[PDB]
file data-v9.cif (mmCIF, C-alpha atoms and all ligand atoms)
data_target
#
loop_
_atom_site.label_atom_id
_atom_site.label_comp_id
_atom_site.auth_asym_id
_atom_site.auth_seq_id
_atom_site.Cartn_x
_atom_site.Cartn_y
_atom_site.Cartn_z
CA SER A 1 -11.54 -36.09 10.33
CA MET A 2 -12.82 -33.81 7.57
CA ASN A 3 -12.95 -30.01 7.46
CA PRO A 4 -16.42 -28.55 8.13
CA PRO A 5 -17.67 -26.21 5.35
CA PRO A 6 -16.65 -22.55 5.95
CA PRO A 7 -18.93 -20.21 7.97
CA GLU A 8 -21.63 -18.43 5.98
CA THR A 9 -20.22 -15.40 4.12
CA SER A 10 -23.06 -14.43 1.70
CA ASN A 11 -26.86 -14.30 1.94
CA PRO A 12 -28.76 -11.96 -0.42
CA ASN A 13 -31.94 -12.23 1.65
CA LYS A 14 -30.15 -10.37 4.45
CA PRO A 15 -30.46 -6.54 4.29
CA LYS A 16 -27.35 -4.55 3.35
CA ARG A 17 -26.13 -1.14 4.54
CA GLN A 18 -22.87 0.83 4.28
CA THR A 19 -21.77 2.66 7.43
CA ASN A 20 -18.49 4.26 8.55
CA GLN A 21 -18.05 1.70 11.34
CA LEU A 22 -18.14 -1.20 8.84
CA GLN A 23 -15.89 0.73 6.46
CA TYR A 24 -13.47 1.49 9.33
CA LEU A 25 -13.55 -2.19 10.30
CA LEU A 26 -12.54 -3.16 6.75
CA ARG A 27 -10.28 -0.22 5.76
CA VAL A 28 -8.41 0.17 9.09
CA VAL A 29 -9.05 -2.83 11.34
CA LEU A 30 -8.89 -5.74 8.89
CA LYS A 31 -6.20 -4.18 6.68
CA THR A 32 -3.94 -3.70 9.73
CA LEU A 33 -4.23 -7.22 11.15
CA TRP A 34 -4.09 -8.75 7.66
CA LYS A 35 -0.65 -7.35 6.77
CA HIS A 36 0.78 -8.00 10.27
CA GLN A 37 3.64 -10.53 10.43
CA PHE A 38 1.48 -12.90 12.54
CA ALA A 39 -1.62 -12.75 10.33
CA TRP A 40 -0.66 -15.74 8.10
CA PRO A 41 -2.21 -18.62 10.20
CA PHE A 42 -5.49 -16.67 10.55
CA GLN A 43 -6.16 -15.50 6.96
CA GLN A 44 -8.32 -18.55 6.23
CA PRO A 45 -10.17 -21.33 8.16
CA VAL A 46 -7.94 -23.80 10.01
CA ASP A 47 -7.33 -26.56 7.45
CA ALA A 48 -7.43 -29.40 9.99
CA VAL A 49 -6.84 -31.91 7.19
CA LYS A 50 -3.81 -30.12 5.72
CA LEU A 51 -2.47 -29.19 9.19
CA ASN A 52 -3.11 -32.78 10.42
CA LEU A 53 -5.33 -31.59 13.27
CA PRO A 54 -8.19 -34.16 13.33
CA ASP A 55 -9.33 -33.02 16.77
CA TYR A 56 -9.44 -29.30 15.91
CA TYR A 57 -13.15 -29.37 15.06
CA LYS A 58 -13.80 -31.87 17.85
CA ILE A 59 -12.89 -28.95 20.15
CA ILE A 60 -13.77 -25.86 18.04
CA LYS A 61 -17.51 -25.76 17.17
CA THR A 62 -17.72 -22.03 16.32
CA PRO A 63 -14.77 -21.52 13.92
CA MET A 64 -13.69 -18.13 12.60
CA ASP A 65 -10.82 -16.53 10.76
CA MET A 66 -9.90 -13.27 9.03
CA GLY A 67 -10.73 -14.55 5.54
CA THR A 68 -14.32 -15.32 6.52
CA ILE A 69 -14.45 -11.85 8.11
CA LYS A 70 -13.22 -10.22 4.88
CA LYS A 71 -15.83 -12.09 2.80
CA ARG A 72 -18.47 -11.02 5.32
CA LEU A 73 -17.30 -7.39 5.21
CA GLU A 74 -16.89 -7.20 1.43
CA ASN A 75 -20.22 -9.04 0.89
CA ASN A 76 -22.16 -6.59 3.12
CA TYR A 77 -23.04 -9.51 5.46
CA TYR A 78 -22.85 -7.51 8.73
CA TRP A 79 -25.44 -4.91 9.85
CA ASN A 80 -23.74 -4.21 13.21
CA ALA A 81 -20.03 -3.54 13.85
CA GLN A 82 -20.49 -5.70 16.95
CA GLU A 83 -21.21 -8.71 14.70
CA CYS A 84 -17.75 -8.20 13.15
CA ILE A 85 -16.03 -7.62 16.50
CA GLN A 86 -17.58 -10.76 17.94
CA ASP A 87 -16.18 -12.63 14.93
CA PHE A 88 -12.67 -11.25 15.61
CA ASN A 89 -13.31 -12.18 19.29
CA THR A 90 -14.27 -15.72 18.30
CA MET A 91 -11.13 -15.97 16.20
CA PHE A 92 -8.87 -15.19 19.15
CA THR A 93 -10.75 -17.18 21.77
CA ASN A 94 -10.68 -20.27 19.49
CA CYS A 95 -6.93 -19.98 19.41
CA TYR A 96 -6.81 -19.76 23.19
CA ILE A 97 -9.25 -22.69 23.58
CA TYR A 98 -7.44 -25.04 21.22
CA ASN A 99 -3.75 -24.30 21.82
CA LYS A 100 -1.50 -24.44 24.91
CA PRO A 101 -0.92 -21.10 26.74
CA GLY A 102 2.47 -19.58 25.92
CA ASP A 103 3.43 -21.69 22.87
CA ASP A 104 3.78 -19.41 19.77
CA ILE A 105 0.35 -19.38 18.01
CA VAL A 106 -1.24 -18.10 21.24
CA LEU A 107 1.46 -15.43 21.60
CA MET A 108 0.83 -14.60 17.95
CA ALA A 109 -2.94 -14.22 18.65
CA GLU A 110 -2.39 -12.11 21.80
CA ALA A 111 -0.46 -9.38 19.93
CA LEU A 112 -2.98 -9.33 17.06
CA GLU A 113 -5.62 -9.11 19.79
CA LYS A 114 -3.81 -6.11 21.34
CA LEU A 115 -3.66 -4.48 17.89
CA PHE A 116 -7.36 -5.21 17.39
CA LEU A 117 -8.45 -3.87 20.79
CA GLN A 118 -6.51 -0.62 20.35
CA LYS A 119 -8.10 0.17 16.99
CA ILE A 120 -11.55 -0.80 18.32
CA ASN A 121 -11.02 1.33 21.47
CA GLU A 122 -11.65 4.28 19.13
CA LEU A 123 -13.93 2.95 16.43
CA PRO A 124 -15.84 5.85 14.76
CA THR A 125 -18.83 7.31 16.53
CA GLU A 126 -21.79 6.62 14.25
CA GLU A 127 -22.07 9.42 11.69
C1 LIG A 201 10.72 -19.87 16.10
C2 LIG A 201 10.16 -19.73 14.68
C3 LIG A 201 10.89 -20.57 13.62
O1 LIG A 201 11.64 -21.50 13.91
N1 LIG A 201 10.72 -20.22 12.31
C4 LIG A 201 11.37 -20.98 11.25
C5 LIG A 201 9.95 -19.18 11.80
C6 LIG A 201 8.71 -18.94 12.23
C7 LIG A 201 8.03 -19.63 13.32
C8 LIG A 201 6.65 -19.91 13.14
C9 LIG A 201 5.94 -20.58 14.13
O2 LIG A 201 4.61 -20.77 13.80
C10 LIG A 201 3.81 -21.57 14.67
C11 LIG A 201 2.44 -21.70 14.15
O3 LIG A 201 1.90 -22.82 14.88
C12 LIG A 201 0.56 -23.11 14.77
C13 LIG A 201 -0.04 -23.92 15.72
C14 LIG A 201 -1.39 -24.23 15.62
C15 LIG A 201 -2.14 -23.79 14.53
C16 LIG A 201 -1.54 -22.96 13.57
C17 LIG A 201 -0.18 -22.65 13.69
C18 LIG A 201 -2.26 -22.38 12.44
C19 LIG A 201 -3.48 -21.83 12.51
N2 LIG A 201 -4.24 -21.78 13.68
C20 LIG A 201 -4.91 -20.49 13.84
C21 LIG A 201 -4.37 -22.71 14.67
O4 LIG A 201 -5.07 -22.52 15.70
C22 LIG A 201 -3.64 -24.04 14.41
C23 LIG A 201 -4.22 -25.11 15.31
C24 LIG A 201 6.56 -20.91 15.32
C25 LIG A 201 7.92 -20.65 15.49
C26 LIG A 201 8.67 -20.01 14.51
#
call {"tool": "encode", "arguments": {"input": "data-v9.cif", "output": "structure tokens"}}
result
Amino acid sequence: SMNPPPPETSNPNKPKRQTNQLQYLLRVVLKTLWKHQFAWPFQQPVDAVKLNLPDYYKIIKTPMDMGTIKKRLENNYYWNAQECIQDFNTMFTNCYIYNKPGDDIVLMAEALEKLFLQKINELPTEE
């Protein structure tokens, strides 16, 4: 009945690189989903204490959110765009694992997921 610590977002021992796929992911992909009307429940880790969700982290063992993804992006944590995408894909799937199909938070996730997929359907070819 406590929050876990957040996922790792910095590690200086990890190699850094700037590519156009990571920049796209931040500048286009994360911007877009961040400012979307449904983004608000996903901009930080599920606060299972504040939200009164003791069982959240009894069911979700691989948590992820768009704030952790920002901190990862901005902190040059990712080497591969697919590491980012998987994180976005964990975010959604966690929502679908925890919540009841068809409620509101799942509907919210499904439209953000459709926005995400579209943008990723034409991520930049590596320059
Ligand atoms: C009709 C309308 C309404 O009546 N009003 C007033 C306006 C908006 C409004 C909002 C609503 O927001 C629902 C959000 O519910 C949840 C459920 C579960 C979780 C979250 C949020 C938070 C984060 N995450 C990622 C989770 O997975 C946890 C477990 C629903 C209805 C309305």
call {"tool": "closest_residue", "arguments": {"input": "data-v9.cif", "among": "A:121, A:43, A:9, A:76", "to": "ligand LIG 201 (chain A)", "atoms": "only C-alpha atoms and all ligand atoms"}}
result
A:43
call {"tool": "residues_near_ligand", "arguments": {"input": "data-v9.cif", "ligand": "ligand LIG 201 (chain A)", "cutoff": "6 Å", "atoms": "all atoms listed in the file", "output": "VMD selection string"}}
result
chain A and resid 41 to 42 46 95 104 to 105
call {"tool": "closest_residue", "arguments": {"input": "data-v9.cif", "among": "A:70, A:61, A:14, A:36", "to": "residue A:97", "atoms": "all atoms listed in the file"}}
result
A:61
call {"tool": "closest_residue", "arguments": {"input": "data-v9.cif", "among": "A:89, A:44, A:1, A:80", "to": "residue A:21", "atoms": "all atoms listed in the file"}}
result
A:80
call {"tool": "residues_near_point", "arguments": {"input": "data-v9.cif", "point": "(-20.9, -12.1, 3.9)", "cutoff": "10 Å", "atoms": "all atoms listed in the file", "output": "JSON list (two decimals) with C-alpha atoms, keeping the file's coordinate frame"}}
result
[["chain", "number", "residue", "atom", "x", "y", "z"],
["A", 7, "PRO", "CA", -18.93, -20.21, 7.97],
["A", 8, "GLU", "CA", -21.63, -18.43, 5.98],
["A", 9, "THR", "CA", -20.22, -15.40, 4.12],
["A", 10, "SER", "CA", -23.06, -14.43, 1.70],
["A", 11, "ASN", "CA", -26.86, -14.30, 1.94],
["A", 12, "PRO", "CA", -28.76, -11.96, -0.42],
["A", 14, "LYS", "CA", -30.15, -10.37, 4.45],
["A", 16, "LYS", "CA", -27.35, -4.55, 3.35],
["A", 68, "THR", "CA", -14.32, -15.32, 6.52],
["A", 69, "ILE", "CA", -14.45, -11.85, 8.11],
["A", 70, "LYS", "CA", -13.22, -10.22, 4.88],
["A", 71, "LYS", "CA", -15.83, -12.09, 2.80],
["A", 72, "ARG", "CA", -18.47, -11.02, 5.32],
["A", 73, "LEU", "CA", -17.30, -7.39, 5.21],
["A", 74, "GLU", "CA", -16.89, -7.20, 1.43],
["A", 75, "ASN", "CA", -20.22, -9.04, 0.89],
["A", 76, "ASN", "CA", -22.16, -6.59, 3.12],
["A", 77, "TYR", "CA", -23.04, -9.51, 5.46],
["A", 78, "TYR", "CA", -22.85, -7.51, 8.73]]
call {"tool": "atom_distance", "arguments": {"input": "data-v9.cif", "atom1": "atom CA of residue A:25", "atom2": "atom CA of residue A:5"}}
result
24.9 Å
call {"tool": "residues_near_point", "arguments": {"input": "data-v9.cif", "point": "(-16.2, 1.3, 11.1)", "cutoff": "9 Å", "atoms": "only C-alpha atoms", "output": "list in words"}}
result
residues 19, 20, 21, 22, 23, 24, 25, 26, 27, 28, 29, 81, 120, 123, 124, 125 and 126 of chain A
call {"tool": "closest_residue", "arguments": {"input": "data-v9.cif", "among": "A:2, A:91, A:64, A:48", "to": "residue A:112", "atoms": "all atoms listed in the file"}}
result
A:91
call {"tool": "closest_residue", "arguments": {"input": "data-v9.cif", "among": "A:32, A:82, A:18, A:3", "to": "residue A:45", "atoms": "all atoms listed in the file"}}
result
A:3
call {"tool": "atom_distance", "arguments": {"input": "data-v9.cif", "atom1": "atom CA of residue A:58", "atom2": "atom CA of residue A:30"}}
result
28.1 Å
call {"tool": "atom_distance", "arguments": {"input": "data-v9.cif", "atom1": "atom CA of residue A:115", "atom2": "atom CA of residue A:34"}}
result
11.1 Å
call {"tool": "closest_residue", "arguments": {"input": "data-v9.cif", "among": "A:62, A:40, A:119, A:54", "to": "residue A:85", "atoms": "all atoms listed in the file"}}
result
A:119
call {"tool": "axis_aligned_box", "arguments": {"input": "data-v9.cif", "around": "stretch 63-81 of chain A", "padding_each_side": "6 Å", "output": "lines of an AutoDock Vina configuration file"}}
result
center_x = -17.7
center_y = -12.5
center_z = 7.4
size_x = 27.5
size_y = 30.0
size_z = 25.0
